[PDB]
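Pasted below: protein-v6.cif, mmCIF, C-alpha atoms and all ligand atoms.
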```cif
data_coords
loop_
_atom_site.label_atom_id
_atom_site.label_comp_id
_atom_site.auth_asym_id
_atom_site.auth_seq_id
_atom_site.Cartn_x
_atom_site.Cartn_y
_atom_site.Cartn_z
CA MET A 1 11.02 -17.08 12.76
CA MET A 2 11.34 -13.41 13.76
CA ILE A 3 11.23 -10.58 11.20
CA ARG A 4 13.77 -7.73 11.34
CA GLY A 5 14.27 -4.37 9.68
CA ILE A 6 17.58 -3.65 8.00
CA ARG A 7 18.43 0.00 7.37
CA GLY A 8 20.55 1.49 4.63
CA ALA A 9 21.42 5.07 3.65
CA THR A 10 23.46 6.55 0.78
CA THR A 11 23.72 9.77 -1.22
CA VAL A 12 24.09 10.98 -4.80
CA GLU A 13 26.04 14.03 -5.95
CA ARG A 14 23.33 15.14 -8.38
CA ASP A 15 19.70 14.41 -9.28
CA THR A 16 20.24 12.13 -12.29
CA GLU A 17 18.87 8.67 -13.11
CA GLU A 18 22.37 7.18 -13.51
CA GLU A 19 23.48 8.33 -10.05
CA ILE A 20 20.29 7.29 -8.24
CA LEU A 21 20.13 3.82 -9.80
CA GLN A 22 23.84 3.14 -9.41
CA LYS A 23 24.01 4.24 -5.77
CA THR A 24 20.77 2.55 -4.76
CA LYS A 25 21.91 -0.69 -6.42
CA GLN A 26 25.26 -0.51 -4.62
CA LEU A 27 23.49 0.16 -1.32
CA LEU A 28 21.22 -2.86 -1.75
CA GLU A 29 24.14 -5.05 -2.80
CA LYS A 30 26.13 -4.09 0.30
CA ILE A 31 23.21 -4.96 2.60
CA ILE A 32 22.68 -8.30 0.87
CA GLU A 33 26.39 -9.05 1.28
CA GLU A 34 26.61 -8.16 4.98
CA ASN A 35 23.42 -9.96 6.00
CA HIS A 36 23.55 -12.83 3.48
CA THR A 37 20.01 -11.93 2.46
CA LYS A 38 18.03 -14.09 0.03
CA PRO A 39 15.12 -12.47 -1.83
CA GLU A 40 12.62 -15.16 -0.83
CA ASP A 41 13.28 -14.05 2.76
CA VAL A 42 12.45 -10.40 2.12
CA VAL A 43 9.01 -9.44 3.36
CA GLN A 44 9.15 -6.03 1.65
CA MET A 45 11.29 -2.92 1.08
CA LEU A 46 10.66 0.82 1.62
CA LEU A 47 12.88 3.36 -0.13
CA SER A 48 12.79 7.08 0.69
CA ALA A 49 14.38 10.12 -0.94
CA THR A 50 14.87 13.65 0.32
CA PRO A 51 12.68 16.17 -1.54
CA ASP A 52 15.62 17.40 -3.65
CA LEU A 53 15.62 14.17 -5.71
CA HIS A 54 13.14 13.74 -8.57
CA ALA A 55 14.92 12.10 -11.51
CA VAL A 56 13.79 8.49 -11.02
CA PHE A 57 12.29 6.18 -8.38
CA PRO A 58 15.13 4.47 -6.48
CA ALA A 59 13.07 1.25 -6.50
CA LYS A 60 13.95 0.88 -10.18
CA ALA A 61 17.38 -0.29 -9.04
CA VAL A 62 15.81 -3.33 -7.31
CA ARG A 63 15.03 -4.93 -10.68
CA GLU A 64 18.75 -4.64 -11.46
CA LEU A 65 19.15 -7.47 -8.95
CA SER A 66 18.68 -10.94 -10.42
CA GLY A 67 16.15 -12.93 -8.42
CA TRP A 68 14.53 -9.92 -6.77
CA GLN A 69 11.82 -9.27 -9.33
CA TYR A 70 9.12 -10.46 -6.91
CA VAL A 71 10.29 -8.51 -3.87
CA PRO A 72 7.59 -5.93 -3.16
CA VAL A 73 8.91 -2.39 -2.83
CA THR A 74 7.56 1.15 -2.56
CA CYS A 75 8.99 4.64 -2.30
CA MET A 76 8.12 7.69 -0.21
CA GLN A 77 9.31 11.23 0.36
CA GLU A 78 11.66 11.75 3.29
CA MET A 79 10.77 14.74 5.48
CA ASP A 80 12.66 17.99 4.84
CA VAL A 81 14.75 18.69 7.93
CA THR A 82 16.61 21.97 8.27
CA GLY A 83 20.27 21.01 8.35
CA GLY A 84 19.55 17.44 7.28
CA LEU A 85 21.60 15.38 4.82
CA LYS A 86 20.78 16.45 1.25
CA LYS A 87 20.27 14.17 -1.76
CA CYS A 88 19.78 11.17 0.53
CA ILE A 89 18.27 7.76 -0.26
CA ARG A 90 17.29 5.44 2.55
CA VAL A 91 16.23 1.84 2.69
CA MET A 92 14.29 -0.19 5.21
CA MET A 93 14.52 -3.85 4.17
CA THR A 94 12.26 -6.12 6.21
CA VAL A 95 13.60 -9.70 6.42
CA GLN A 96 12.87 -13.07 7.97
CA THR A 97 15.85 -13.84 10.22
CA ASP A 98 17.13 -15.51 13.38
CA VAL A 99 19.97 -13.02 13.73
CA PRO A 100 19.68 -11.12 17.05
CA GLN A 101 18.68 -7.45 16.88
CA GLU A 102 22.10 -6.11 17.86
CA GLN A 103 23.93 -8.21 15.24
CA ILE A 104 21.97 -6.93 12.23
CA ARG A 105 24.29 -5.16 9.80
CA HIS A 106 22.90 -1.73 8.89
CA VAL A 107 24.73 -0.14 5.97
CA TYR A 108 25.71 3.50 5.49
CA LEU A 109 27.57 4.53 2.31
CA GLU A 110 28.80 7.75 0.67
CA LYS A 111 27.92 10.96 2.55
CA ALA A 112 25.52 8.99 4.77
CA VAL A 113 28.38 7.64 6.91
CA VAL A 114 27.68 10.63 9.18
CA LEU A 115 24.27 9.29 10.26
CA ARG A 116 25.70 6.02 11.61
CA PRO A 117 25.70 5.85 15.44
CA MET B 1 2.83 -15.30 18.16
CA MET B 2 2.30 -12.96 15.21
CA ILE B 3 3.60 -9.60 13.95
CA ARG B 4 1.34 -6.54 14.39
CA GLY B 5 1.51 -2.78 13.81
CA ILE B 6 0.90 -0.37 16.67
CA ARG B 7 -0.17 3.18 15.76
CA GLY B 8 0.49 6.40 17.64
CA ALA B 9 -0.13 10.05 16.89
CA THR B 10 0.53 13.33 18.66
CA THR B 11 1.09 17.02 17.93
CA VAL B 12 3.46 19.89 18.77
CA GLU B 13 2.75 23.61 19.04
CA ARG B 14 6.06 24.82 17.58
CA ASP B 15 8.47 23.52 14.97
CA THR B 16 11.36 23.24 17.41
CA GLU B 17 13.71 20.33 18.07
CA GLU B 18 13.10 20.48 21.80
CA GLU B 19 9.32 20.11 21.50
CA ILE B 20 9.34 17.53 18.68
CA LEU B 21 11.63 15.24 20.69
CA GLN B 22 9.72 15.80 23.93
CA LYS B 23 6.32 15.01 22.39
CA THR B 24 7.63 12.08 20.31
CA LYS B 25 9.34 10.54 23.34
CA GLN B 26 6.17 10.89 25.41
CA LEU B 27 4.19 9.20 22.63
CA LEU B 28 6.63 6.29 22.42
CA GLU B 29 6.67 5.93 26.21
CA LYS B 30 2.85 5.74 26.27
CA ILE B 31 2.80 3.10 23.53
CA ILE B 32 5.50 1.14 25.36
CA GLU B 33 3.58 1.33 28.62
CA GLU B 34 0.18 0.38 27.21
CA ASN B 35 1.56 -2.51 25.12
CA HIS B 36 4.32 -3.77 27.45
CA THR B 37 6.72 -3.57 24.52
CA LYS B 38 10.36 -4.71 24.72
CA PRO B 39 12.77 -3.25 22.13
CA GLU B 40 14.02 -6.67 20.96
CA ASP B 41 10.47 -7.54 19.94
CA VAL B 42 10.32 -4.51 17.64
CA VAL B 43 10.72 -5.46 13.97
CA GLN B 44 11.01 -1.80 12.88
CA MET B 45 9.42 1.62 13.34
CA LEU B 46 8.21 4.31 10.96
CA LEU B 47 7.73 7.90 12.07
CA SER B 48 6.03 10.56 9.95
CA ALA B 49 5.55 14.31 10.22
CA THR B 50 3.26 16.68 8.39
CA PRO B 51 5.17 18.98 5.98
CA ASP B 52 5.03 21.86 8.47
CA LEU B 53 7.66 20.29 10.76
CA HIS B 54 11.37 20.73 9.91
CA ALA B 55 13.44 21.17 13.10
CA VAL B 56 14.58 17.59 13.70
CA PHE B 57 13.92 13.99 12.68
CA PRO B 58 11.47 12.59 15.26
CA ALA B 59 13.47 9.32 15.12
CA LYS B 60 16.06 11.11 17.24
CA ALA B 61 13.67 10.56 20.19
CA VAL B 62 14.05 6.79 19.88
CA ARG B 63 17.74 7.08 20.76
CA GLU B 64 16.95 8.65 24.12
CA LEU B 65 15.05 5.52 25.13
CA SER B 66 17.34 3.27 27.14
CA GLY B 67 17.79 -0.07 25.40
CA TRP B 68 16.32 1.00 22.05
CA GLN B 69 19.59 1.76 20.24
CA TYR B 70 19.30 -1.27 17.93
CA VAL B 71 15.70 -0.72 16.88
CA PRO B 72 15.65 0.15 13.17
CA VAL B 73 13.71 3.34 12.48
CA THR B 74 13.17 5.70 9.59
CA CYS B 75 11.10 8.78 8.84
CA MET B 76 8.80 9.95 6.06
CA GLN B 77 6.57 12.87 5.16
CA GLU B 78 2.90 12.46 5.92
CA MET B 79 0.53 13.11 3.06
CA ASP B 80 -0.54 16.78 2.87
CA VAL B 81 -4.30 16.63 3.22
CA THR B 82 -6.47 19.73 3.01
CA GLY B 83 -7.94 20.60 6.40
CA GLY B 84 -5.91 17.83 8.02
CA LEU B 85 -4.46 18.10 11.52
CA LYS B 86 -1.34 20.26 11.40
CA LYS B 87 2.02 19.76 13.15
CA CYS B 88 1.24 16.05 13.55
CA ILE B 89 3.69 13.24 14.24
CA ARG B 90 2.69 9.62 13.76
CA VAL B 91 4.28 6.31 14.50
CA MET B 92 3.81 2.81 13.10
CA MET B 93 5.65 0.44 15.43
CA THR B 94 5.83 -3.17 14.14
CA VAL B 95 6.19 -5.75 16.93
CA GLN B 96 6.13 -9.48 17.58
CA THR B 97 3.22 -10.19 19.95
CA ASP B 98 0.56 -12.66 21.16
CA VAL B 99 -1.99 -9.87 21.56
CA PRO B 100 -4.98 -10.18 19.16
CA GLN B 101 -5.44 -7.44 16.54
CA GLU B 102 -8.53 -6.02 18.27
CA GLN B 103 -6.68 -5.76 21.59
CA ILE B 104 -3.60 -3.82 20.47
CA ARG B 105 -3.51 -0.44 22.25
CA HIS B 106 -3.04 2.36 19.71
CA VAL B 107 -2.25 5.77 21.23
CA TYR B 108 -3.41 9.29 20.40
CA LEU B 109 -2.15 12.26 22.41
CA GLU B 110 -2.40 16.08 22.45
CA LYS B 111 -4.52 17.38 19.56
CA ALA B 112 -4.41 14.01 17.80
CA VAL B 113 -7.12 12.65 20.09
CA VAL B 114 -9.66 13.63 17.44
CA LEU B 115 -8.18 10.88 15.25
CA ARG B 116 -8.88 8.26 17.95
CA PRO B 117 -11.38 5.45 17.07
CA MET C 1 3.76 -17.39 10.00
CA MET C 2 5.96 -15.92 7.28
CA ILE C 3 5.09 -12.32 6.49
CA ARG C 4 4.73 -10.84 2.98
CA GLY C 5 4.13 -7.44 1.37
CA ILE C 6 1.29 -7.12 -1.15
CA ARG C 7 1.51 -4.15 -3.52
CA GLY C 8 -1.31 -2.20 -5.10
CA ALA C 9 -1.52 0.89 -7.28
CA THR C 10 -4.30 2.92 -8.89
CA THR C 11 -5.13 6.40 -10.19
CA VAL C 12 -7.92 8.95 -10.00
CA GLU C 13 -8.95 11.57 -12.57
CA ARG C 14 -9.83 14.31 -10.10
CA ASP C 15 -8.66 15.22 -6.61
CA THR C 16 -11.94 14.75 -4.73
CA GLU C 17 -12.69 12.82 -1.54
CA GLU C 18 -15.35 10.84 -3.46
CA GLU C 19 -13.03 9.59 -6.21
CA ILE C 20 -10.03 9.01 -3.92
CA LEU C 21 -12.15 6.89 -1.55
CA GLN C 22 -13.94 5.03 -4.36
CA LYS C 23 -10.78 4.06 -6.31
CA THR C 24 -8.92 3.21 -3.09
CA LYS C 25 -11.79 0.96 -1.99
CA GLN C 26 -11.87 -0.77 -5.37
CA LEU C 27 -8.11 -1.36 -5.21
CA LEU C 28 -8.31 -2.83 -1.69
CA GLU C 29 -11.28 -5.05 -2.64
CA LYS C 30 -9.41 -6.45 -5.65
CA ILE C 31 -6.37 -7.15 -3.49
CA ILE C 32 -8.46 -8.89 -0.81
CA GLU C 33 -10.21 -11.00 -3.44
CA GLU C 34 -7.07 -12.04 -5.36
CA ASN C 35 -5.14 -12.85 -2.20
CA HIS C 36 -8.02 -14.17 -0.04
CA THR C 37 -6.91 -11.80 2.71
CA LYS C 38 -8.63 -11.75 6.08
CA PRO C 39 -8.27 -8.55 8.13
CA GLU C 40 -6.91 -10.35 11.22
CA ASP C 41 -3.95 -11.61 9.13
CA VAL C 42 -2.93 -8.07 8.12
CA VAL C 43 0.13 -6.88 10.08
CA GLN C 44 -0.28 -3.25 8.97
CA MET C 45 -0.83 -1.23 5.81
CA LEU C 46 0.86 1.78 4.25
CA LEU C 47 -0.86 3.97 1.68
CA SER C 48 0.74 6.73 -0.40
CA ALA C 49 -0.42 9.47 -2.73
CA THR C 50 1.45 11.62 -5.22
CA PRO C 51 1.63 15.29 -4.12
CA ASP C 52 -1.12 16.30 -6.58
CA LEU C 53 -3.76 14.66 -4.33
CA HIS C 54 -4.93 16.51 -1.22
CA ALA C 55 -8.65 15.90 -0.73
CA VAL C 56 -8.59 13.03 1.77
CA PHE C 57 -6.34 10.39 3.34
CA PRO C 58 -6.81 7.20 1.26
CA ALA C 59 -6.77 5.22 4.52
CA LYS C 60 -10.27 6.49 5.20
CA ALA C 61 -11.56 3.97 2.66
CA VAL C 62 -10.39 1.07 4.86
CA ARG C 63 -13.23 1.60 7.33
CA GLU C 64 -15.72 1.12 4.49
CA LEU C 65 -14.55 -2.51 4.56
CA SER C 66 -16.57 -4.48 7.10
CA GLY C 67 -14.26 -6.21 9.58
CA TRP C 68 -11.23 -4.01 8.91
CA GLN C 69 -11.64 -1.51 11.72
CA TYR C 70 -8.63 -2.79 13.69
CA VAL C 71 -6.13 -3.01 10.82
CA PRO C 72 -3.41 -0.43 11.53
CA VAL C 73 -2.90 1.95 8.64
CA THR C 74 -0.98 5.10 7.91
CA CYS C 75 -0.37 7.33 4.92
CA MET C 76 2.69 8.94 3.38
CA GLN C 77 3.56 11.23 0.51
CA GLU C 78 4.89 9.47 -2.57
CA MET C 79 8.06 11.09 -3.88
CA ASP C 80 7.59 13.57 -6.70
CA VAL C 81 9.29 12.00 -9.71
CA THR C 82 9.77 13.96 -12.92
CA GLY C 83 7.61 12.35 -15.59
CA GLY C 84 6.16 10.00 -12.97
CA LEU C 85 2.56 8.78 -13.07
CA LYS C 86 0.22 11.51 -11.84
CA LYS C 87 -2.69 11.23 -9.40
CA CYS C 88 -1.48 7.86 -8.14
CA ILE C 89 -2.42 5.98 -4.97
CA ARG C 90 -0.36 3.06 -3.80
CA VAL C 91 -0.69 0.42 -1.14
CA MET C 92 1.76 -1.86 0.70
CA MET C 93 -0.36 -4.32 2.66
CA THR C 94 1.76 -6.49 4.96
CA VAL C 95 0.17 -9.91 5.59
CA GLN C 96 0.69 -13.19 7.37
CA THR C 97 0.63 -15.70 4.50
CA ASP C 98 1.98 -19.01 3.29
CA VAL C 99 1.54 -18.14 -0.39
CA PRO C 100 5.04 -18.11 -1.92
CA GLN C 101 6.54 -14.78 -3.01
CA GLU C 102 6.18 -15.41 -6.75
CA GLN C 103 2.48 -16.18 -6.33
CA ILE C 104 1.46 -13.11 -4.32
CA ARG C 105 -1.09 -11.28 -6.46
CA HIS C 106 -0.10 -7.60 -6.71
CA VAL C 107 -2.80 -5.36 -8.17
CA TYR C 108 -2.44 -2.48 -10.64
CA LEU C 109 -5.61 -0.72 -11.77
CA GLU C 110 -6.74 2.22 -13.89
CA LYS C 111 -3.74 4.12 -15.28
CA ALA C 112 -1.34 2.41 -12.86
CA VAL C 113 -1.32 -0.68 -15.11
CA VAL C 114 1.74 0.87 -16.78
CA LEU C 115 3.67 0.20 -13.54
CA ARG C 116 3.38 -3.63 -13.78
CA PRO C 117 6.60 -5.66 -14.31
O1 LIG D 1 3.93 1.42 -7.68
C1 LIG D 1 4.86 0.91 -8.35
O2 LIG D 1 5.13 -0.31 -8.30
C2 LIG D 1 5.72 1.78 -9.23
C3 LIG D 1 7.08 1.11 -9.44
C4 LIG D 1 8.14 1.45 -8.40
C5 LIG D 1 9.45 0.87 -8.87
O3 LIG D 1 10.19 1.56 -9.62
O4 LIG D 1 9.75 -0.29 -8.50
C6 LIG D 1 7.83 0.88 -7.02
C7 LIG D 1 7.11 1.55 -6.12
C8 LIG D 1 6.53 2.93 -6.40
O5 LIG D 1 7.03 3.87 -5.45
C9 LIG D 1 6.88 3.46 -7.80
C10 LIG D 1 8.23 2.95 -8.26
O6 LIG D 1 5.85 3.15 -8.75
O1 LIG D 2 -3.21 8.74 12.09
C1 LIG D 2 -4.43 8.48 11.94
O2 LIG D 2 -4.98 7.48 12.43
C2 LIG D 2 -5.29 9.42 11.12
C3 LIG D 2 -6.36 8.61 10.39
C4 LIG D 2 -5.99 8.18 8.97
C5 LIG D 2 -7.24 7.73 8.26
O3 LIG D 2 -8.02 8.59 7.79
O4 LIG D 2 -7.46 6.51 8.17
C6 LIG D 2 -4.97 7.06 8.97
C7 LIG D 2 -3.66 7.31 8.96
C8 LIG D 2 -3.07 8.71 8.97
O5 LIG D 2 -2.21 8.88 7.84
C9 LIG D 2 -4.14 9.80 8.95
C10 LIG D 2 -5.38 9.33 8.21
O6 LIG D 2 -4.50 10.27 10.26
#
```

Any chance you could put this one into C-alpha cells?
Amino acid sequence: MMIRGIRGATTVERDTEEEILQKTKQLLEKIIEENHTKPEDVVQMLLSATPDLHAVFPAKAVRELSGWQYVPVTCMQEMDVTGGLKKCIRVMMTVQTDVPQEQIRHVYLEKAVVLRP
Amino acid sequence: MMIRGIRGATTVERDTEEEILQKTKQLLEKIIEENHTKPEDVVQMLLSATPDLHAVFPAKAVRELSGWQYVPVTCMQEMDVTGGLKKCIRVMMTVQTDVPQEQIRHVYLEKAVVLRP
Amino acid sequence: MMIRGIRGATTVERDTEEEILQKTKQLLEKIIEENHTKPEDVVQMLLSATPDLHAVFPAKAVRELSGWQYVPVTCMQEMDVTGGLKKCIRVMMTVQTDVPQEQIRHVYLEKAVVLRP
C-alpha cells in the first residue's frame, strides 16, 4: 500500500502549556476523524512550532490520544517568515493509505484557516 | 516498489521572495527531471532554510508547479551550524519508486555543490 | 513493505564536533543493533539538535557507518522549549519493516533517558 502525508495547522492565542496541548490535541483529533486514521497505520508524525512558542512540546498532546502511545513523533522549529502566521503549530502525519492524493483531508483550524488553498 | 527520500540543496544571494521562489523552483525542477518524478508518487516533502532566510516559505514554489497542488509539504528551520553554508535551502522529497537506493539522483545547485557526495 | 519511524535521542556535555559526532554515532549504532536495520531499508532520516549545539551537523556521523553512504539524511533545529532538555540530539529514522509498531525499539541514551514513555 502507498504512504501519504496528511497536513494540519492550528494556532494558539498565547504561549501556555494548556493552549498548546489543547489545540494540538484538537488538531490531531480532527485529522483522525476526517481520514479515519488508525494509529497502527501511522508511520510517524512531525510537529513544528513557530519560534514564538516555547511553553511545551506539542508532541505531548499525542499521548492524550488513547492507542497512540507507540506512534513515533518529533518536533522542530518552523522557519521565521516576515509576515507569516504567528503562534502556529503544524503537523505532517505520514500514513499508510489507499486514498488517492487529491482526496486526502488536510485540516486547518483556528487562525490557520488562512493558509488553506 | 519501495519508498525513498530524494535530497536537494541550493542557495540564494538575497533574502527576497522572488529569488527564494526562483531558486527553489529550479531545484525542484532539476530533481523532477533527474528522477522522472510524478506528483502522485510523492508521499510528502520537507523544505528547510538556514535561519538567515525570512522573505517567504520556500514551499510556495511547489504551488507554481503544474499538477503538484495536492502534494503535502511543510517547512522547517535548518540547524544553525558554525561555518555552515549560509542562505541555504534544502529539500527532502519522499517518493514511491523502483529505483535502488544507490541510484537515486540527489541534486545540489548553486553554492550547495560543495555538499555534493 | 509497511514503513515505520524509529526514534532516538541522546545528549552531549559540550558543544564540540568530536562529542556531537561520537554520541550521534553511538545512538545510531544502538538503533541499528536493536532494530536489525540494514541501510538499504532506510527510507530517509531526520536529525535534530537543540539550539545550544552549533559545532557540526549530526548527520556527518552517518558516513562513519560503513554501508550508509546512500541513506538520505537532513538536519533541523529542535524547537526551544522552556525547561526542555538541553544539548539534545534526536533522530527519526524511517524504515521499511515488518516489525509491529509496539515492538519497534526506540532508543534513549545519556541524559535523554528522561524522555522515555
Ligand atoms: O525526543 C523525545 O521523544 C521527547 C518527547 C517529545 C514528546 O513530547 O513526545 C517527542 C519528540 C521531541 O521533539 C521532544 C518531545 O522530546
Ligand atoms: O544538505 C546536505 O547534504 C549537507 C550535509 C549534511 C551532513 O553533514 O550530513 C546533511 C544534511 C544537511 O542538514 C547538512 C549536513 O548539509

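Each residue with an atom within 8 Å of any atom of ligand LIG 1 (chain D) appears in the list, which was built counting all atoms listed in the file: residues 47, 56, 57, 58, 59, 60, 61, 62, 63, 72, 73, 74, 75 and 76 of chain A; 7, 8, 9, 78, 79, 85, 90, 112, 115 and 116 of chain C.
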
Least-squares fit of chain B onto chain C (C-alpha, ordered pairing) as a tab-separated table (two decimals) with C-alpha atoms, in the frame of the given file:
```tsv
chain	number	residue	atom	x	y	z
B	1	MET	CA	3.83	-19.23	7.49
B	2	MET	CA	5.73	-16.01	6.82
B	3	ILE	CA	5.03	-12.26	6.56
B	4	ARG	CA	4.88	-10.72	3.07
B	5	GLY	CA	4.08	-7.34	1.49
B	6	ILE	CA	1.35	-7.04	-1.12
B	7	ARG	CA	1.52	-4.04	-3.48
B	8	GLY	CA	-1.33	-2.20	-5.17
B	9	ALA	CA	-1.55	0.93	-7.27
B	10	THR	CA	-4.32	2.87	-8.95
B	11	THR	CA	-5.17	6.38	-10.13
B	12	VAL	CA	-7.95	8.99	-9.94
B	13	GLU	CA	-8.96	11.64	-12.47
B	14	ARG	CA	-9.86	14.36	-9.96
B	15	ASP	CA	-8.59	15.38	-6.55
B	16	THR	CA	-11.94	14.80	-4.85
B	17	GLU	CA	-12.76	12.84	-1.71
B	18	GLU	CA	-15.48	10.88	-3.45
B	19	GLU	CA	-13.20	9.58	-6.21
B	20	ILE	CA	-10.14	8.94	-4.00
B	21	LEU	CA	-12.21	6.77	-1.64
B	22	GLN	CA	-14.01	4.99	-4.48
B	23	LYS	CA	-10.79	4.10	-6.33
B	24	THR	CA	-8.88	3.20	-3.14
B	25	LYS	CA	-11.70	0.94	-1.94
B	26	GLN	CA	-11.85	-0.80	-5.32
B	27	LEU	CA	-8.09	-1.35	-5.18
B	28	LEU	CA	-8.26	-2.84	-1.69
B	29	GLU	CA	-11.20	-5.05	-2.67
B	30	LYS	CA	-9.24	-6.40	-5.66
B	31	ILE	CA	-6.20	-7.15	-3.51
B	32	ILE	CA	-8.43	-8.83	-0.93
B	33	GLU	CA	-10.12	-10.92	-3.60
B	34	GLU	CA	-6.96	-12.01	-5.40
B	35	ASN	CA	-5.09	-12.85	-2.18
B	36	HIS	CA	-7.97	-14.21	-0.06
B	37	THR	CA	-6.91	-11.82	2.69
B	38	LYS	CA	-8.58	-11.73	6.13
B	39	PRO	CA	-8.18	-8.50	8.15
B	40	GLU	CA	-6.82	-10.28	11.25
B	41	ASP	CA	-3.92	-11.55	9.16
B	42	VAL	CA	-2.94	-7.98	8.23
B	43	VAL	CA	0.09	-6.76	10.19
B	44	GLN	CA	-0.32	-3.17	8.92
B	45	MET	CA	-0.95	-1.14	5.78
B	46	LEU	CA	0.74	1.87	4.20
B	47	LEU	CA	-1.02	4.05	1.65
B	48	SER	CA	0.71	6.75	-0.39
B	49	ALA	CA	-0.43	9.48	-2.75
B	50	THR	CA	1.47	11.62	-5.21
B	51	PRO	CA	1.71	15.28	-4.07
B	52	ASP	CA	-1.11	16.29	-6.42
B	53	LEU	CA	-3.80	14.67	-4.24
B	54	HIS	CA	-5.15	16.59	-1.21
B	55	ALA	CA	-8.90	15.96	-0.78
B	56	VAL	CA	-8.85	13.12	1.76
B	57	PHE	CA	-6.57	10.53	3.36
B	58	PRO	CA	-6.95	7.35	1.28
B	59	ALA	CA	-6.84	5.40	4.59
B	60	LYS	CA	-10.42	6.55	5.10
B	61	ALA	CA	-11.39	3.88	2.52
B	62	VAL	CA	-10.16	1.12	4.83
B	63	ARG	CA	-12.84	2.03	7.37
B	64	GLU	CA	-15.62	1.35	4.88
B	65	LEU	CA	-14.49	-2.26	4.61
B	66	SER	CA	-16.56	-4.40	6.95
B	67	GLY	CA	-14.36	-6.07	9.55
B	68	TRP	CA	-11.26	-3.95	8.88
B	69	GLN	CA	-11.71	-1.42	11.70
B	70	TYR	CA	-8.77	-2.78	13.73
B	71	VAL	CA	-6.26	-2.90	10.89
B	72	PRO	CA	-3.53	-0.33	11.58
B	73	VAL	CA	-2.98	1.99	8.63
B	74	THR	CA	-1.13	5.20	7.92
B	75	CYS	CA	-0.43	7.43	4.94
B	76	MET	CA	2.61	9.08	3.37
B	77	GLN	CA	3.56	11.20	0.39
B	78	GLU	CA	4.95	9.36	-2.59
B	79	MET	CA	8.25	10.62	-3.92
B	80	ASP	CA	7.80	13.34	-6.57
B	81	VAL	CA	9.49	11.89	-9.63
B	82	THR	CA	9.80	13.83	-12.87
B	83	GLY	CA	7.56	12.36	-15.56
B	84	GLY	CA	6.09	9.93	-13.04
B	85	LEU	CA	2.46	8.81	-13.12
B	86	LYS	CA	0.29	11.57	-11.66
B	87	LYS	CA	-2.67	11.30	-9.26
B	88	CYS	CA	-1.44	7.87	-8.14
B	89	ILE	CA	-2.37	6.01	-4.97
B	90	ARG	CA	-0.34	3.03	-3.80
B	91	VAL	CA	-0.72	0.48	-1.09
B	92	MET	CA	1.74	-1.77	0.74
B	93	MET	CA	-0.33	-4.30	2.68
B	94	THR	CA	1.74	-6.50	5.05
B	95	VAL	CA	0.12	-9.89	5.76
B	96	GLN	CA	0.79	-13.24	7.39
B	97	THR	CA	0.60	-15.90	4.66
B	98	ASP	CA	1.76	-19.32	3.39
B	99	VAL	CA	1.87	-18.06	-0.20
B	100	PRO	CA	5.41	-18.00	-1.68
B	101	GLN	CA	6.90	-14.61	-2.61
B	102	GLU	CA	6.64	-15.29	-6.35
B	103	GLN	CA	2.96	-16.20	-6.05
B	104	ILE	CA	1.68	-13.12	-4.20
B	105	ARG	CA	-0.85	-11.28	-6.39
B	106	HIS	CA	0.08	-7.59	-6.62
B	107	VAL	CA	-2.61	-5.37	-8.19
B	108	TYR	CA	-2.45	-2.47	-10.63
B	109	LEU	CA	-5.63	-0.72	-11.75
B	110	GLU	CA	-6.72	2.26	-13.89
B	111	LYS	CA	-3.73	4.13	-15.34
B	112	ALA	CA	-1.32	2.34	-13.00
B	113	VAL	CA	-1.35	-0.74	-15.21
B	114	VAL	CA	1.76	0.62	-16.91
B	115	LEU	CA	3.62	-0.03	-13.64
B	116	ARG	CA	2.63	-3.73	-13.74
B	117	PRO	CA	5.49	-6.31	-14.05
```

Chain B residues within 8 Å of chain C, counting all atoms listed in the file: which ones, as a PyMOL selection string?
-> chain B and resi 2-7+48+76-82+92+94+101-102

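Remark: for ligand LIG 2 (chain D), the closest of the candidate residues B:17, B:98, B:83, B:36 is B:83 (distances computed over only C-alpha atoms and all ligand atoms).
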
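When atom CA of residue A:108 is paired with atom CA of residue A:26, their separation reads 10.9 Å.
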
What are the centre and edge lengths in Å, to one decimal, of the axis-aligned box around all listed atoms of ligand LIG 2 (chain D) with 8 Å added on each side, as JSON?
```
{"center_x": -5.1, "center_y": 8.4, "center_z": 10.1, "size_x": 21.8, "size_y": 19.8, "size_z": 20.6}
```

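Shortest separation to ligand LIG 2 (chain D) among C:13, C:84, C:107, C:24 occurs at residue C:24, atoms counted being only C-alpha atoms and all ligand atoms.
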
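For the pair atom CA of residue A:11 and atom CA of residue A:104, the interatomic distance is 21.5 Å.
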
Mind giving me the straight-line distance from atom CA of residue C:25 to atom CA of residue B:91 in Å, one decimal?
-> 23.6 Å

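Take the candidates C:35, C:66, C:109, C:18 and check each one against residue C:93 using all atoms listed in the file; the shortest distance goes to C:35.
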
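Of the listed residues (C:28, C:23, C:100, C:64), C:64 comes nearest to ligand LIG 2 (chain D); the distances count all atoms listed in the file.
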
N, CA and C atoms modelled onto stretch 103-108 of chain B, as a short mmCIF file (atom, residue, chain, number, x, y, z; two decimals), in the frame of the given file:
```cif
data_model
loop_
_atom_site.label_atom_id
_atom_site.label_comp_id
_atom_site.auth_asym_id
_atom_site.auth_seq_id
_atom_site.Cartn_x
_atom_site.Cartn_y
_atom_site.Cartn_z
N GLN B 103 -7.07 -6.11 20.23
CA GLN B 103 -6.68 -5.76 21.59
C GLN B 103 -5.41 -4.92 21.68
N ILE B 104 -4.76 -4.70 20.54
CA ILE B 104 -3.60 -3.82 20.47
C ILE B 104 -4.01 -2.40 20.92
N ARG B 105 -3.16 -1.75 21.70
CA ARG B 105 -3.51 -0.44 22.25
C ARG B 105 -2.84 0.69 21.46
N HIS B 106 -3.57 1.26 20.51
CA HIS B 106 -3.04 2.36 19.71
C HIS B 106 -3.22 3.65 20.51
N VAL B 107 -2.33 4.62 20.31
CA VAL B 107 -2.25 5.77 21.23
C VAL B 107 -2.34 7.10 20.52
N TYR B 108 -3.21 7.98 21.01
CA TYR B 108 -3.41 9.29 20.40
C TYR B 108 -3.35 10.34 21.49
#
```
